[PDB]
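Numbered from 1 within each chain, the chains take letters A, B, ... in sequence-line order. Values below: every heavy atom of this structure, side chains too, minus hydrogens, waters and symmetry copies.
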Amino acid sequence: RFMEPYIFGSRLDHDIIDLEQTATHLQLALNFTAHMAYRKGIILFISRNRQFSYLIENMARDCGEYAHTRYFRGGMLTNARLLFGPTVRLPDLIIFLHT
RNA sequence: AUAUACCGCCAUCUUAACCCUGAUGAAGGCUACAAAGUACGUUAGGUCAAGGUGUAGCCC
Ligand SMILES: [Mg+2]
């Protein structure tokens, strides 16, 4: 339901995403990502689609950022101090290629 | 006579945290082609034979 305002219409029962809105949303998201990378924030890419795990991990390594394409263990973020250490620094921005 | 006086020696028995979910109810938390889970005393005991320190008994 919450995706309806972003849908241009249904073509023979297939939803078409309105790309005029995608352009503005992508503009905002890319601007935010660039500003966070300028501030030396930790950026974590996340995606559980196994078809693109290798691509996303390579891209994360290439841009000097972080990836988590594997099974997401309970408490990675909310229990990070127990899992990583008391002084671990969490990501400042998380990007989902697949939500 | 007493270790049913102690000591020695033998033997008997006794000796968590964090994080999530449920409307932050009682409560619950697994799937790998992965979906919240991760970290000494005790004994009416034996032994007075390879050992001791005491205590009492009778003493026409
Ligand atoms: Mg005895």
Side-chain angles (χ1 to χ4, degrees):
Chain A
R1 262 191 81 168
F2 298 159
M3 278 297 297
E4 292 161 337
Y6 310 119
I7 291 168
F8 185 77
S10 177
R11 177 64 187 181
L12 279 295
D13 212 43
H14 288 89
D15 291 336
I16 300 292
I17 295 140
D18 186 16
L19 281 189
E20 294 294 328
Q21 287 185 75
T22 297
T24 65
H25 280 268
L26 186 51
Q27 173 56 249
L28 278 167
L30 279 172
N31 187 73
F32 192 81
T33 305
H35 275 285
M36 290 300 306
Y38 177 96
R39 293 181 183 271
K40 302 158 118 183
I42 291 156
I43 298 171
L44 177 67
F45 295 92
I46 293 170
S47 175
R48 281 301 282 128
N49 199 328
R50 312 169 56 220
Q51 185 179 336
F52 308 110
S53 166
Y54 187 73
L55 181 69
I56 288 152
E57 293 189 326
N58 267 334
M59 183 278 288
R61 192 198 55 244
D62 293 340
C63 67
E65 294 306 335
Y66 305 85
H68 192 323
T69 66
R70 312 296 177 149
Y71 174 75
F72 205 89
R73 291 192 315 164
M76 191 271 260
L77 294 171
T78 62
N79 206 19
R81 284 169 209 300
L82 183 63
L83 294 174
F84 290 112
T87 43
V88 67
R89 190 181 147 197
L90 277 186
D92 306 277
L93 169 63
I94 292 160
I95 302 169
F96 289 90
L97 279 298
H98 303 83
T99 64

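Taking atom P on both nucleotides, B:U38 is separated from B:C20 by 15 Å, rounded to a whole Å. Comparing the same atom, P, in B:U4 and in B:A44 gives a spacing of 10 Å after rounding to whole Å. Nucleotides B:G51 and B:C10 place their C1' atoms 14 Å apart, quoted to the nearest Å. Atom name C1', nucleotides B:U2 and B:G45: the rounded distance is 16 Å, in whole Å. Rounded to whole Å, the separation between the P atoms of B:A3 and B:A49 comes to 14 Å. Between B:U21 and B:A35, the distance separating the two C1' atoms is 13 Å to the nearest Å. If you take atom P in B:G57 and the same atom in B:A5, they sit 15 Å apart, rounded to whole Å. Distance check on atom P: B:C58 versus B:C40 gives 42 Å, rounded to whole Å.
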Candidate pair A:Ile42 and A:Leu90, rule side-chain contact (heavy atoms from CB on, under 4.5 Å), full reasoning: CA-CA 8 Å; A:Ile42 291 156; A:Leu90 277 186; over 6 Å; no

With side-chain contact (heavy atoms from CB on, under 4.5 Å) as the test, would you mind laying out the steps for A:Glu65 and A:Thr33 before giving the verdict? CA-CA 12 Å; A:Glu65 294 306 335; A:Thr33 305; over 6 Å; no

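Between B:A32 and B:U47 there is no base pair of the Watson-Crick or G-U wobble kind with both of its two distances under 3.5 Å. With both distances under 3.5 Å, B:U43 pairs with B:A11 in Watson-Crick or G-U wobble fashion.
Of all nucleotides present, only B:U53 satisfies the Watson-Crick or G-U wobble test against B:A5, with each distance under 3.5 Å.
North is the pucker assigned to the sugar of B:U55, its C1'-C2'-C3'-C4' torsion being positive. A north sugar is assigned to B:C40: the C1'-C2'-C3'-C4' torsion is positive, on the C3'-endo side. The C1'-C2'-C3'-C4' torsion of B:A39 is negative, which assigns its sugar to the south, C2'-endo side. In this entry B:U38 carries a north-puckered sugar, per its positive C1'-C2'-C3'-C4' angle. A negative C1'-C2'-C3'-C4' torsion places the sugar of B:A32 in the south, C2'-endo-side range.
Note: NE2 (A:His68) to P (B:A35) measures 11 Å, nearest angstrom. Look at CZ on A:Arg81: it is 13 Å from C1' on B:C19, rounded to the nearest Å. One atom, CE of A:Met76, and another, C1' of B:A36, lie 13 Å apart when rounded to the nearest Å. Rounding to whole angstrom units, CZ of residue A:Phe84 and P of B:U38 are separated by 13 Å. For the pair A:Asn49 CG and B:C33 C1', the computed distance is 11 Å after rounding to whole Å.
More than 12 heavy-atom neighbours from other residues, nucleotides or ligands sit within 6.0 angstrom of NE2 on A:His25. The neighbour count for A:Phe72 CZ, taken as heavy atoms of other residues, nucleotides or ligands under 6.0 Å away, is above 12. Within 6.0 Å of atom CZ in A:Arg81, 12 or fewer heavy atoms from other residues, nucleotides or ligands are found, so the atom counts as exposed in its surroundings.
Both conditions of the stacking definition, centres under 5.5 Å apart and planes under 30° apart, are satisfied by the base rings of B:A27 and B:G28. Adjacent in the strand, B:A50 and B:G51 do not form a stacked pair, their six-membered rings missing the 5.5 Å centre or the 30 degree orientation threshold. Under the 5.5 Å and 30° stacking definition, the step from B:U38 to B:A39 qualifies as stacked. With ring centres under 5.5 Å apart and planes tilted under 30°, the neighbouring bases B:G25 and B:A26 are scored as stacked.
Judged by distance alone, the side chain of A:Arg48 and the main-chain N or O of A:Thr69 form a donor-acceptor pair under 3.5 Å. Checking side-chain atoms of A:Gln21 against main-chain N and O of A:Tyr6 turns up no donor-acceptor pair under 3.5 Å.
B:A39 shows a glycosidic angle within 90° of 0 and is accordingly assigned syn. B:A11: glycosidic angle beyond 90° from 0, hence anti.
Counting only heavy atoms from C-beta on, A:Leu82 has its side chain closest to B:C18 among B:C18, B:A35, B:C20.
Checking the phosphate oxygens (OP1, OP2) of B:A35, no side-chain nitrogen or oxygen of A:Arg73 falls inside 4.0 Å.
Contacts of A:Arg48 with the nucleic acid, taken as non-hydrogen atoms under 4.0 Å apart, involve only primed sugar atoms and P, OP1 or OP2. Within the 4.0 angstrom heavy-atom criterion, only backbone atoms of the sugar-phosphate kind lie near A:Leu83; the bases stay farther away.
Along RNA chain B, the nucleotide nearest A:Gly74 and the nucleotide nearest A:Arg50 are compared for position; the residue whose nucleotide lies closer to the 5' end is A:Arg50. Annotation: of the two residues near RNA chain B, A:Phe72 and A:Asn79, the 5′-most nearest-nucleotide partner is A:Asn79.
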